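>>> quick one: experimental structure and sequence below.
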Amino acid sequence: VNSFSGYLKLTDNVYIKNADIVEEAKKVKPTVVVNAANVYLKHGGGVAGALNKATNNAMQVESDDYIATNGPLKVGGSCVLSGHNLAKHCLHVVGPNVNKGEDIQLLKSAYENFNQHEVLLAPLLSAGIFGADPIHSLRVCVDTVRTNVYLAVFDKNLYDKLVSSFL
Ligand SMILES: Fc1ccc2c(c1)[nH]c1ncnc(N3CCO[C@@H](c4nnn[nH]4)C3)c12
């Protein structure tokens, strides 16, 4: 038993809800919140900008120190950093950005990072300003992640289409 509330159960291990990940994170304090990161951990907009703003820019300060030491992530890769006031940990995961021409096949590799964590609150990778089809992203998530994933979908209209077209 865990503290996630109001989710619709899609499969044995995937759950979905219409929620603002920032507000869901502040209420659950999950062990892991996933950020839709870029390779530079520049958290300017989308989910990343919203998560970082919620931390009062502490996420960005920590991220800049990480990059200065380690260099950029790989597309499809991840790193674990602090969850600040939102979660124990933040798993920064880089899905391919279609608006940069990155291969969408890397979306499966991105979701594989979730399997290193027993339970996660997460957005749909490569959705939103990353330009991929959120329905494809949900399909890859379901077919790749084996651990327990609670997906937060900000847009109510999108969620309803996601739930309604799910196979
Ligand atoms: F201010 C915001 C902006 C975006 C989100 C937010 C608060 N909260 C969210 N909770 C879940 N999913 C989200 N998004 C929505 C747009 O499409 C995807 C994306 N994520 N990053 N770029 N695009 C996923 C958001």
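Perfect, thanks for sending it. Residues are numbered from 1 along each chain as shown.

>>> around the ligand, which positions in this structure sit nearby?
Those residues of the chain that sit near the ligand, judged by C-beta under 6 Å from any ligand atom, are 20-22, 36, 46-47, 50, 123, 127-130, 152-154. (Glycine included, C-beta is placed from N, CA and C.)

>>> now rank those by neighbours and give me the top one.
Of all those, residue 36 has the most neighbours under the rule other C-beta atoms under 10 Å, reaching 28 neighbours.

>>> bridging residues for residue 122?
According to DSSP bridges, the partner residues bridging residue 122 are residue 151.

>>> which residues sit in contact with it?
21, 33-34, 91, 93, 114, 149-152 (C-beta atoms under 8 Å, 6 or more residues apart in numbering).

>>> save those as a markdown table, and put in distance to residue 79 too.
Formatted as a markdown table, the entries for those read as follows, by distance: C-beta to C-beta, whole Å:
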| residue | distance to residue 79 |
| --- | --- |
| 21 | 18 |
| 33 | 14 |
| 34 | 12 |
| 91 | 8 |
| 93 | 9 |
| 114 | 14 |
| 149 | 18 |
| 150 | 21 |
| 151 | 21 |
| 152 | 21 |
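
>>> of the residues you listed, which belong to strands?
Using DSSP state E, the members of these that fall within strands are 33-34, 91, 93, 149-152.

>>> so what's residue 128 closest to, chain neighbours aside?
Nearest-residue entry for residue 128: residue 46, 4.9 Å, with adjacent residues in sequence omitted and distances by C-beta to C-beta, 6 or more residues apart in numbering.

>>> I'd assumed residue 36 was in contact with the one you found.
Yes: A contact is recorded between residue 46 and residue 36 when judged using C-beta atoms under 8 Å, the distance being 5.9 Å.

>>> shared neighbours, the two?
Residues touching both residue 46 and residue 36 comprise 128, 130, with contact defined as C-beta under 8 Å, 6+ apart.

>>> I'd like the distance between the residue of the chain found nearest the ligand and residue 99.
With distances taken as C-beta to the nearest ligand atom, the chain approaches the ligand most closely at residue 128, which sits 1.6 Å away. Applying C-beta to C-beta, to the nearest Å, one obtains 11 Å for the distance of residue 128 from residue 99.
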